[PDB]
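1. whatever this is, show me its structure:
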Amino acid sequence: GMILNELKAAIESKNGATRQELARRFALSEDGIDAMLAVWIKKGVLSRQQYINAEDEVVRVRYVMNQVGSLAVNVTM
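-> Residues are numbered from 1 along each chain as shown. Let me share the structure:
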């Protein structure tokens, strides 16, 4: 890869962006960056997109990550 990894880490640590900002920095079509990413992450699920606002305060930001760890959690207590 080239940007898939650069963004994967940059986002995994620092803030992130959507397919728009991604294709922008890469200077390519949003369809190409999204497709290449979807396959680079899993296979073709438009990656993992999530938002944040009420959880924080007034962030209101959305981005797609590769998600290498585990987000799905079920607190059974």
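2. look up how far residue 20 lies from the residue most central in space within the chain.
-> When C-alpha atoms, centre = their mean is applied to the chain, the residue found nearest the centroid is residue 64 (1.7 Å). Separation of residue 64 from residue 20 (C-beta to C-beta, to the nearest Å) stands at 10 Å. Bear in mind the C-beta positions are built from the backbone N, C-alpha and C, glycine included.
3. on that earlier part again, how about the residue nearest to the centre of the chain: what's its closest non-neighbour residue?
-> Leaving aside its chain neighbours, residue 64 sits nearest to residue 47 (3.9 Å; criterion: C-beta to C-beta, 6 or more residues apart in numbering).
4. go on, residue 51?
-> Taking C-beta to C-beta, 6+ apart as the measure, residue 51 lies nearest to residue 62, with 4.6 Å between them; neighbours along the chain are not counted.
5. same check, this time on residue 33
-> Distance criterion C-beta to C-beta, 6+ apart; nearest residue to residue 33, sequence neighbours excluded, is residue 23 at 4.3 Å.
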